[PDB]
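Student: Structure provided below as structure tokens; questions to follow.
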Amino acid sequence: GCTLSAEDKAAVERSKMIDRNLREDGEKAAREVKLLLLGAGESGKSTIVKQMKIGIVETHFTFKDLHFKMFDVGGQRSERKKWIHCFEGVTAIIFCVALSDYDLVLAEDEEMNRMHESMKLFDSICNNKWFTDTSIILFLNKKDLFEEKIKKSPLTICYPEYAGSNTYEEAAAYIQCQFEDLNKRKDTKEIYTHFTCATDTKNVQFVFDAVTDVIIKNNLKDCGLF
Amino acid sequence: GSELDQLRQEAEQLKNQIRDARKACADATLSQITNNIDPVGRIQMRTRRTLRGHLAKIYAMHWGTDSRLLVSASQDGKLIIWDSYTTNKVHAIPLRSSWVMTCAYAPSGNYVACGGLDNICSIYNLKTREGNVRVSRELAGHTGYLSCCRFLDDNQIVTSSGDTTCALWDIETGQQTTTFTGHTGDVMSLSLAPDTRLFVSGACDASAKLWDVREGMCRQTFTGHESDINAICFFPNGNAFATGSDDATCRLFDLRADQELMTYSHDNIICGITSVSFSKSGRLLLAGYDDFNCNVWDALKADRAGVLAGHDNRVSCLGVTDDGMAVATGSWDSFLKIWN
Amino acid sequence: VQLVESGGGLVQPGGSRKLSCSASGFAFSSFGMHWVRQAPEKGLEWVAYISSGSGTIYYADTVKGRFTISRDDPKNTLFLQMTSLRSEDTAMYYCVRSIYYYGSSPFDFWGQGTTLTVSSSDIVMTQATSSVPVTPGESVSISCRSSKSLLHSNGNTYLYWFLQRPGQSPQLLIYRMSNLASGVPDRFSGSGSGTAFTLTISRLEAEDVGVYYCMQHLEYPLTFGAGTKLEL
Amino acid sequence: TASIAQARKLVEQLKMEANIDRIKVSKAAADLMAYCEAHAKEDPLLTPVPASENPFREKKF
Amino acid sequence: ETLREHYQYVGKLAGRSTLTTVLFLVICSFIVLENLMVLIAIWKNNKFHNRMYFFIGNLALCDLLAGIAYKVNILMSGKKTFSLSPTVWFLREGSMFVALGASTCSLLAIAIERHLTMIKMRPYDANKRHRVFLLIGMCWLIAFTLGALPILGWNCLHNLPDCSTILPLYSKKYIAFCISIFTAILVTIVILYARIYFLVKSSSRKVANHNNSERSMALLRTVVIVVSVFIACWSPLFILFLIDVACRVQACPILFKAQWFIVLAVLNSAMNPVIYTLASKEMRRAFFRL
Ligand SMILES: CCCCCCCCc1ccc(CC[C@](N)(CO)COP(=O)(O)O)cc1
């Protein structure tokens, strides 16, 4: 206040007030979890967002004094290599795939099935340069119909090189290991796996545990203890 | 069918004729003309100011019309209008969609436009009798993420979107008055001409289109790049424009002659240009590479003349004042930096 | 946008009174607040000033240390309390609104004003002219005089030409000596370098008759000048 | 059968883009040269103005 | 002549080999050069978005001051005991107490910061800077207050029996207070480091992967190494201090070899930057990169 006038001082006061407001607003959004939701076709994204319901669709919910915020971006239909860096700082990446959708085929080509597409998308998401150390939460949805579709029809159509007992457990284990083998890091990234349940509580608790593990790992790396 | 084959043959032979026509007039190179003049000296700029206060990546900035104010957009949902002389935060506006990729300042100084990743473009009134800032008009109708938007007049704005189509609107009513279609790839940026009668827009298909505002049909097409084009601006003369692409290359294209004037690239740089802007006299091209620091190119000799290495992350936006005394460089480290 | 003031009246020589103004139609939580005192049949003078967010508070040296200004933000209300009323404290008060940022127009709304009667170094602002007879259709020019240089180091020139009409509260014509306010015609003009300043009107009408004042804002206190009268 | 309509639109655009006049690159270079040299003096970035009238010079603080 | 009488009463004056002091000076040179290198490496970087950097710098500074002060002690100390006034002697001992206190009140501060960072489930940093400066100022103030305490009232210059054998002008109550503060700091550090591992293991048990299983068993190793190295250097010196408090004058010959333990405390300044900086991936990369 040596050279400033009677009006410049009030401008400085206004700037300080704006700075204080920004500081108090920029710390109330640093305690929220940013989950980027992905999927493919009829995997069950709508059912899943209904299971934990309160361009881009933003959903906000709460669970045990923790606020989660999810970005469904399925309605973008744009080149994903031009807007994917905006989600670089997401905590986890929820991924949704239906395991009872192995015998159907896409409308684009008769040979192209609807299961290899999910594997290609997972490979394109689990090996992204912007998500080197970003965890993934894999989901298998609609397992009720999978047993009925597998008891009459063997899964040799999708996996001809699979020698199993044509049972639910072995087929599910083979699908899970094939999906998890697409991971190329195995050290920085930690892929989770789950089977959807009828009740919402199991899925919500699984997401809570996964994000808690990710948060604690990030904290351990933050404080130089590891 | 025979009709499809003959139509494809006709299109191919028109393409050949257009290539021959554009090659016929390419008689001399731009190097032979500017290689005799005195090169500009090394451009030593220092960070006079430092505009801290953002708490997220910075995606767009636009210099004001009086060359004293500027507006910056962040991913924390903040639009901030500063005072560049004394580092005063003149206004702070909270947004509804935090995923904004562009912003614009009205030439009169009364309105500010913002939008991105939401298919909607919002206009905000600065000179309000209530003393606050409020939204005055929301424009919707695009099916892709908004890339750029520029004010044509007090009641006219033109926006490019990720749905390969651009649109010129009417703020009073809110309905599109012109729709520009013909792009194959995603449109990433537009720039209004000084005379405010034409504009160029570059797309992810490595092509740019110069349009006509009054009529509303594609007038000229420019090609020659190899990847996505992330920045476009006119020369201050108004009869040229420079594009910057992801293959570590900028190019200068003239409107009268549809060839390539010069290319700006270097072997040691393998990064993509994120922003392009000119100086008041058109002798300084300031392309912001995403290799953690900006760069300064002599827009007439293709060689460098200085480096604005003061950022610790990707630089995304870059502007120049109307009278050309200051240059600002916004980056993902949430720090603006006015140079001089 | 409107300000409603209340609290004045007839008081004894011993007693404390508070003047309260309520604001509606804008964002009171971001407007600096002033008070202005005007003696009956005489000129006007500044009282106090409180900034946004109750940051700093100033006072007039005349009754410095006896006034108490308070701002209630949630209710958009301002109070000014006075305790030991002398004989000079009989006058009528305005509560102007103000916002300070680059390009703003401070001293834009003057409220209405309320009257209070008491039962029985600083740059000087003066205008030599006191009355000018005039017929509509001809230009009028008035001059205002200072005792220092009003041009600050930044480049501004703090002088606010304002207009008062009989039974009508003052309104802003010129702020920072050069620019015009909002809601007034382009008939008025003002420009003056250094110490002498002038206000000019091109084509008189029946509404321009009244008193004209100049005020300075280079530093504190805010000393007003003697008004000049235009009669029909 | 909308493909032939799209091809019609494309060939119409080709018709519109193939009927413009061009000039030698030497004149398009001389125009930029003249514009650059004419307004060089009013460009502070090219040749910095003296520090007396710089508005962004840092003060004591 | 007071110092001579005190030495005679204690017994150091009775009858009062350069390899020992040469080896001491060599160890001190080692610790000071490595601590200066660590401090200059921290100063070389400028990305202070992590609040751990200030704590590491403060610990390095405290260790450097300890090294320099004990340089002064060992150089001035051997035969200048009688020829110099008591005031320089007092300054010398006050510097020792201030310094070790800098080194040890830095570990308490860093343990507090680690325990309070690893207890709040914050997905992103809130950028709070009050705590770091508060803790640095608090530890420096505590060290300065504890170093100069005796020269403002606590001495044995007028009471021969009521002061120690290791230092004939230091009352027993001051050494008892030092013992109390040292054991309090040790217990607090142990309790702070014996909860982070429990929390991490309990959280990683719910979802069992290979990464979690190796993370738990590496955090356990890190915590055990930190605690064991911190204890193994400071424990014998304070064991000697407590036995001296229990022992009387002209009784325990071992008190004449106390120097052999002090260098061990010096050795603790030889391992703090080795563990707190070179036993973590981020700091290791930041140090070996430049
Ligand atoms: C956290 C509490 C800190 C305790 C740190 C322990 C330091 C105690 C200490 C004792 C003695 C000395 C130096 C001893 C001389 N002071 C130097 O040798 C004794 O020898 P001379 O008097 O015969 O010369 C230094 C520190």
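Student: Restricted to the range E:205-227, and to residues that are polar (S, T, N, Q) and more than 10 Å from chain A (Cβ to nearest Cβ), which residue is farthest from E:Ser269 (Cα to Cα)?
Tutor: E:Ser213
Student: Among what's in the range B:37-61 and is more than 10 Å from every other protein chain (Cβ to nearest Cβ) and in a loop (DSSP other than H, G, I, E, B), pick the residue that is farthest from B:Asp290 (Cα to Cα). Please lay out each step first, then the result.
Tutor: Here is the first cut: in the range B:37-61, the residues more than 10 Å from every other protein chain (Cβ to nearest Cβ) are B:38-39, B:42, B:50-51, B:58, B:60-61.
Now drop any that are not in a loop (DSSP other than H, G, I, E, B), which leaves B:38-39, B:42, B:50.
On the way: B:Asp38: 30, B:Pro39: 26, B:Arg42: 22, B:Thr50: 20 Å.
Here the answer is B:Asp38.
Student: In a loop (DSSP other than H, G, I, E, B) and more than 14 Å from chain C (Cβ to nearest Cβ) - does that describe any residue in the range A:4-26?
Tutor: Yes: the range A:4-26 contains one or more residues that are in a loop (DSSP other than H, G, I, E, B) and more than 14 Å from chain C (Cβ to nearest Cβ).
Student: Testing A:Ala107 on (1) surrounded by fewer than 18 Cβ atoms within 10 Å (Cβ to Cβ); (2) part of a strand (DSSP E or B); (3) of a type outside the set (D, E, K, R), one condition comes back false. Which one is that?
Tutor: (2)
Student: If you go through the range E:260-269 one residue at a time, do you hit one that is polar (S, T, N, Q) and surrounded by 14 or more Cβ atoms within 10 Å (Cβ to Cβ)?
Tutor: Within the range E:260-269, one or more residues are polar (S, T, N, Q) and surrounded by 14 or more Cβ atoms within 10 Å (Cβ to Cβ).
Student: Turning to a different aspect of this structure: Which one is surrounded by the fewest Cβ atoms within 10 Å (Cβ to Cβ), of the residues in the range C:112-169 that are more than 14 Å from chain A (Cβ to nearest Cβ), under 15 Å from the mean Cα position of the chain (by Cα) and outside any strand (DSSP E or B)?
Tutor: Once the filter is applied, the top-ranked residue is C:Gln112.
Student: Would you mind finding the one in E:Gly15, E:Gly57 that is within 16 Å of the ligand (Cβ to nearest atom) and among the small types (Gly, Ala, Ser)?
Tutor: On the way: E:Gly57 fails: within 16 Å of the ligand (Cβ to nearest atom).
The match here is E:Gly15.
Student: For the condition closer than 25 Å to C:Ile123 by Cβ and within 13 Å of chain A (Cβ to nearest Cβ), what is the one hit in C:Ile99, C:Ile69?
Tutor: One residue alone meets the criteria, C:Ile99.
Student: With the structure loaded, tell me whether A:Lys81 is part of a helix (DSSP H, G or I) and farther than 26 Å from B:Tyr145 by Cα or whether it fails that test.
Tutor: Here the answer is no, as A:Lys81 does not meet what is asked.
Student: Let me ask you something else. Looking at E:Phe238, E:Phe230, E:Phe256, can you tell me which residue is part of a helix (DSSP H, G or I), away from chain A (no Cβ under 14 Å), in contact with a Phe, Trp or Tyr (Cβ under 8 Å, 6 or more places away or on another chain) and within 13 Å of the ligand (Cβ to nearest atom)?
Tutor: E:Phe238
Student: If you don't mind, another one. Only one residue in B:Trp99, B:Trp82 is buried (at least 18 other Cβ atoms within 10 Å of the Cβ), farther than 28 Å from A:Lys34 by Cα and within 13 Å of chain A (Cβ to nearest Cβ). Which one?
Tutor: On the way: B:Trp99 fails: farther than 28 Å from A:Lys34 by Cα.
From the options B:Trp99, B:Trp82, the qualifying one is B:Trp82.
Student: With B:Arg68, B:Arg134 as the choices, which residue is more than 23 Å from D:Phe56 (Cβ to Cβ), out of contact with any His (no Cβ under 7 Å at 6 or more places or on another chain) and either within 14 Å of chain A (Cβ to nearest Cβ) or surrounded by fewer than 20 Cβ atoms within 10 Å (Cβ to Cβ) (or both)? Show your work before the answer.
Tutor: Values: B:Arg68 fails: more than 23 Å from D:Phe56 (Cβ to Cβ).
Answer to the check: B:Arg134.
Student: So E:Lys172 ticks every box in (1) basic (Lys, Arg); (2) away from chain A (no Cβ under 14 Å); (3) more than 23 Å from the chain's Cα centre (by Cα) but one. Which box is left unticked?
Tutor: Against the list (1) basic (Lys, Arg); (2) away from chain A (no Cβ under 14 Å); (3) more than 23 Å from the chain's Cα centre (by Cα), E:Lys172 comes up short only on (3).
Student: Additional query: Quick check on the range E:48-61. Is at least one of its residues of a type in the set (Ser, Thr, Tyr) and either touching a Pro at 6+ places or on another chain (Cβ under 8 Å) or over 30 Å from E:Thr117 (Cα atoms) (or both)?
Tutor: no
Student: Can you tell me which residue in the range C:50-90 is nearest to the chain's Cα centre (by Cα), limited to those that are in a loop (DSSP other than H, G, I, E, B) and among the acidic types (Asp, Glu)?
Tutor: Initially, the range C:50-90 is screened for residues in a loop (DSSP other than H, G, I, E, B), giving C:51, C:55-56, C:60-66, C:73-76, C:83, C:85-86, C:90.
Next, only the ones that are among the acidic types (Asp, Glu) stay: C:61, C:73.
On the way: C:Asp61: 17, C:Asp73: 23 Å.
The qualifying residue nearest to the chain's Cα centre (by Cα) is C:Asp61.
Student: While we're on this one: Looking only at residues that are out of contact with any strand residue (DSSP E or B) (no Cβ under 6 Å at 6 or more places or on another chain) and not β-branched (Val, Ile, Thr) in the range B:54-65, which one is surrounded by the fewest Cβ atoms within 10 Å (Cβ to Cβ)?
Tutor: B:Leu55
Student: Also: If you go through the range B:19-36 one residue at a time, do you hit one that is touching a strand residue (DSSP E or B) at 6+ places or on another chain (Cβ under 6 Å) and either more than 12 Å from chain A (Cβ to nearest Cβ) or part of a helix (DSSP H, G or I) (or both)?
Tutor: yes
Every residue, every condition in (1) within 11 Å of the ligand (Cβ to nearest atom); (2) outside any loop (DSSP other than H, G, I, E, B); (3) closer than 30 Å to B:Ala56 by Cβ; (4) not polar (S, T, N, Q), yes or no:
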residue: E:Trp89; (1), (2), (3), (4): yes, yes, no, yes
residue: E:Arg92; (1), (2), (3), (4): yes, yes, no, yes
residue: E:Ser95; (1), (2), (3), (4): yes, yes, no, no
residue: E:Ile110; (1), (2), (3), (4): no, yes, yes, yes
residue: E:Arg122; (1), (2), (3), (4): no, no, yes, yes
residue: E:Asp125; (1), (2), (3), (4): no, no, yes, yes
residue: E:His158; (1), (2), (3), (4): no, no, no, yes
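Student: Name the strands (runs of 3 or more DSSP E) wholly within the range B:296-340 that hold at least 2 residues that are within 12 Å of chain D (Cβ to nearest Cβ) and surrounded by fewer than 23 Cβ atoms within 10 Å (Cβ to Cβ)?
Tutor: Here the list reads B:304-306.
Student: Then there's this: Check whether at least one residue in the range B:103-120 is surrounded by fewer than 22 Cβ atoms within 10 Å (Cβ to Cβ), within 12 Å of chain A (Cβ to nearest Cβ) and over 22 Å from B:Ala56 (Cβ atoms), and report yes or no.
Tutor: No, the conditions are met nowhere in the range B:103-120.
Student: Among the residues in the range B:180-187, are any part of a strand (DSSP E or B), facing chain D (nearest Cβ under 10 Å) and aliphatic (A, V, I, L, M)? Break it down stepwise before answering.
Tutor: Here is the first cut: in the range B:180-187, the residues part of a strand (DSSP E or B) are B:180, B:187.
So of that shortlist, the ones also facing chain D (nearest Cβ under 10 Å) come out as none.
Checked against the condition, which is being part of a strand (DSSP E or B), facing chain D (nearest Cβ under 10 Å) and aliphatic (A, V, I, L, M), the range B:180-187 yields no hits at all.
Student: Exactly one condition in (1) assigned to a loop (DSSP other than H, G, I, E, B); (2) farther than 18 Å from B:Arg256 by Cα is not met by D:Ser3; state its number.
Tutor: Tallying (1) assigned to a loop (DSSP other than H, G, I, E, B); (2) farther than 18 Å from B:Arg256 by Cα, D:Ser3 fails exactly one: (1).
Student: Moving on. Determine which member of the set E:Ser106, E:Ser85 is surrounded by 18 or more Cβ atoms within 10 Å (Cβ to Cβ) and either away from chain A (no Cβ under 14 Å) or within 11 Å of the ligand (Cβ to nearest atom) (or both). Please lay out each step first, then the result.
Tutor: Working: E:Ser85 fails: surrounded by 18 or more Cβ atoms within 10 Å (Cβ to Cβ).
Just one listed residue meets the conditions, E:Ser106.
Student: While we're looking at this one, here's another question. Which of the residues that make up the range E:20-60 are surrounded by 20 or more Cβ atoms within 10 Å (Cβ to Cβ) and of a type in the set (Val, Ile, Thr)?
Tutor: Selection gives E:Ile31, E:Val38, E:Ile42, E:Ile56.
Each value in this text was obtained by applying a stated rule to the coordinates, not by laboratory testing. Counting neighbours? That spans all protein chains shown, and the Cβs are built from the backbone with ideal geometry, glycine included.
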